Amino acid sequence: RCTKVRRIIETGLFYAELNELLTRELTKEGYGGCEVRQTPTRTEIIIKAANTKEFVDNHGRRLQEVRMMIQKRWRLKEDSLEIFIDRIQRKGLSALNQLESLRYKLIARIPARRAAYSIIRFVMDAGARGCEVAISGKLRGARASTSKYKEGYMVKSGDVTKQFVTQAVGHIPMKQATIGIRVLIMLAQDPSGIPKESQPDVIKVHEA
Amino acid sequence: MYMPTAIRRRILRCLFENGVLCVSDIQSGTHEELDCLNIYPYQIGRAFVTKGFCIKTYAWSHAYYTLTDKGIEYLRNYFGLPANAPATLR
Amino acid sequence: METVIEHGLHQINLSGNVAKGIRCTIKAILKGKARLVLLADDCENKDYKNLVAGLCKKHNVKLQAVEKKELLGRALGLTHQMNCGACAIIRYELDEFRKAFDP
Amino acid sequence: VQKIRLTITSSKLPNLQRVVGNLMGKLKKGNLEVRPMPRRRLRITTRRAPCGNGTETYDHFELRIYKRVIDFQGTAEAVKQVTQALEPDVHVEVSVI
Amino acid sequence: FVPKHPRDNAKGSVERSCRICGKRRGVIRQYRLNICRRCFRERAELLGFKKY
RNA sequence: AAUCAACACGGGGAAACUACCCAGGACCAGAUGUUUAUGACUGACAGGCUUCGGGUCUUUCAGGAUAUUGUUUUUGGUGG
């Protein structure tokens, strides 16, 4: 029994706590966001990740570690909570997933050239119009210094940034200093795929 | 830490029954499910981790203690229960 | 035989109901809760008993007493191996054993 | 028969307009007779710099609340079926009058 | 523990902290958010707030 | 924090808390690696000491292995 204001804000505040939680559990499984369906008595949540097998191994024990962690937190009733999972088609173009691949490497002491041009090639071959990778902080010297590695083309301004550009910021702690990882990935519009409409820059004239 | 004895059991039963206990990061905070100060489940939780009976994940000022393989074998030794013997059901 | 008295206590501690101290065992009898309140062969024959027998009558009931002191202690989870001194059972394959000591 | 109100609420307008189409669509099938409320801008105006340094610049964060009200005469049998859209960030309060 | 000074209507009550932050330097109480501003603005788009 | 780009800026309108600062007095969040069931450690009525007291102290009851002593170093820090 809430106001029309608070049912939006509670559901917003639910989602943001829930999403910061499933950063820290599902680092190995390869997290790629979620969606929450809210009902007065029923809650349905789609988790999305790359390694869908890694849940279902040990006859689905890994999901029931998560499902109790949600249930006990907000004190929801079982049956009234209804988690699924659904797989990521094209892991190449999701930003949170490809951040984790660049995180995986730079712990294990690959050069930053080779770590970026691993993923920046993997993004473009999978299917995307451009991508940028930044590795900010302290390699080699006492001063910190910024790498930026770019290909394709990458739109930075307007509304059209928000629709097209996926992006994901993070950080790696180390023995020496705190690096920052940062991967922007631009998409192509599909004809009603999974954006719909083209950019407001482009127009197309018909053939006679 | 000095715990009282009766509160100690019904935490480690709430740990054993569920598998995941949540507690507020903030100390001196009343606790739901089992009523007590939120120092009590929190400080025993990091004791288990050192021995290695559970995993600690922390998000938004909330501490989650997910109970691993060894602690399931330990708490059958503690409570005196037959195997199989929580929330790993399918 | 007294080897299988250890099988009784191993579960009772985890049953779990327990009294170890002479003081805890006294006020278990007085306040009207204990079923089966034990002693051993330790000092001083009647000193333990008078407190117990005098103590024992109010609570009511008696239990087989296991000698050596150490045996009672080993089953309780005491070593890392001190004398049991006294053993107290309260409230209540454990039910398979205790047909000796009876419902 | 207890003329029932829906009250449909959302953050986002495309996600709302699916649910209004369905809940207007289903009153075509059941044949129940079918009868916009003003939207709120929850403006929160934080100073965008963390420290006290720099020129005092302020980001404006409007959360928007679109709110529609369908209502109709309906007999409890027919209404159970209509209620059952399921969209992200949409709510539907049912209200008997 | 259990700090004995009352803190019913007080700045350092445990409700009043940034929930994420655990600190109270610059708190947004309106619409019952109870979130610190630096803490807010990192994760405002997740909550459904937007620039216009 | 010091030209613009410090000085109704740190959303910093501090009566307590906030609070870092100063004067007193408590607490252990001393995690994990020889003592003790014949009480390891723990809680308190009244009246003294005392800002106010189970901090201490004269009495003497309530609990029950959650330990103690030494060795390791966790964790905490609006410390640099």
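Residues numbered from 1 in each chain as written, not as in the entry; some residues may be left out. Chains lettered and ligands numbered in written order. Part of a larger assembly, values for the part shown. Heavy atoms only, no water. Residues with missing side-chain atoms left out of burial classes, pairs and counts.

Listed as the method for this PDB entry is cryo-EM; the listed resolution is 3.35 Å.

Where the PDB entry is consulted, chain D appears under the name Ribosomal protein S10p/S20e, putative, with the organism given as Trichomonas vaginalis. Anyone opening this PDB entry will find it titled "Small subunit of Trichomonas vaginalis ribosome".

Where we set the bar: UniProt positions are given in the numbering used here, feature names are shortened, and annotations may be inferred rather than shown by experiment.
Looking at the PDB entry, chain A carries the name Ribosomal protein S3, putative, with the source organism given as Trichomonas vaginalis. A UniProt comment under Sequence similarities (unreviewed entry) is attached to chain A, and it reads "Belongs to the universal ribosomal protein uS3 family."

**Let's talk about the sheet that holds strand β4 (residues 130-137) of chain A**
All names here are of chain A. Under the convention used in this document: Paired strands, in this sense, are two strands between which DSSP finds at least two bridges. Numbering of helices and strands runs from the N terminus, with a helix taken as a DSSP run of H or I at least four residues long and a strand as a DSSP run of E at least two residues long. For every element, the axis is a line fit to its C-alpha atoms; helices are fit only across the contacting stretch, and the angle between N-to-C directions ranges from 0 to 180 degrees. We call two residues in contact whenever any of their non-hydrogen atoms come within 4.5 Å of each other.
An order of β5-β4-β7-β6 is seen for the four strands of this open sheet, with the pairing classed as antiparallel. Of all the strands in the sheet, the pair left with one neighbour each is β5 (145-151) and β6 (166-169). Strand-to-strand twist in this sheet, taken as the mean axis angle between neighbours without regard to direction, amounts to 5°. In the packing of helix α3 (residues 95-107) onto the sheet, the strands contacted are β4, β6 and β7 (180-186), and the crossing angle to β7 comes to about 140°. Running over the sheet, helix α4 (residues 112-127) touches β4, β5 and β7 and is turned about 25° from β5.

**Description of the pairing of β7 of chain A**
All names here are of chain A. The sheet contact formed by β4 and β7 spans seven bridges and is antiparallel. Bridge pairing links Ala134 to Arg182 in β7. Of the strand pairs in this sheet, β6 and β7 are connected by four bridges, and their pairing is antiparallel. Across the sheet, residue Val169 finds its bridge partner in β7, namely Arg182.

**Side note on helix α1 (residues 5-18) of chain B**
Which entries qualify depends on this criterion: One fewer than the residue count of a helix, multiplied by 1.5 Å, yields its expected span.
Across its 14 residues, α1 of chain B extends 20 Å between first and last C-alpha, which sits within 8% of the 20 Å expected from 1.5 Å per residue. Of the residues one or two after α1 of chain B, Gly19 of chain B is the one with positive phi, at around 110°.

**Things to note about the domain arrangement of chain A**
All names here are of chain A. Worth spelling out the cut-off: Each domain span listed reflects an automatic or database assignment of domains. All residues other than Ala, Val, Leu, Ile, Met, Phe, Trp, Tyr, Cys, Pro, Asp, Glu, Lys and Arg, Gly among them, are scored as polar; the first ten of these are nonpolar and the last four charged.
Segmentation of chain A into domains returns domain 1 (1-89) and domain 2 (90-208). Between the C-alpha centres of domain 1 and domain 2 the distance comes to 26 Å. A class-by-class count of the residues in the side of domain 1 that touches domain 2 yields three nonpolar, four polar and no charged.

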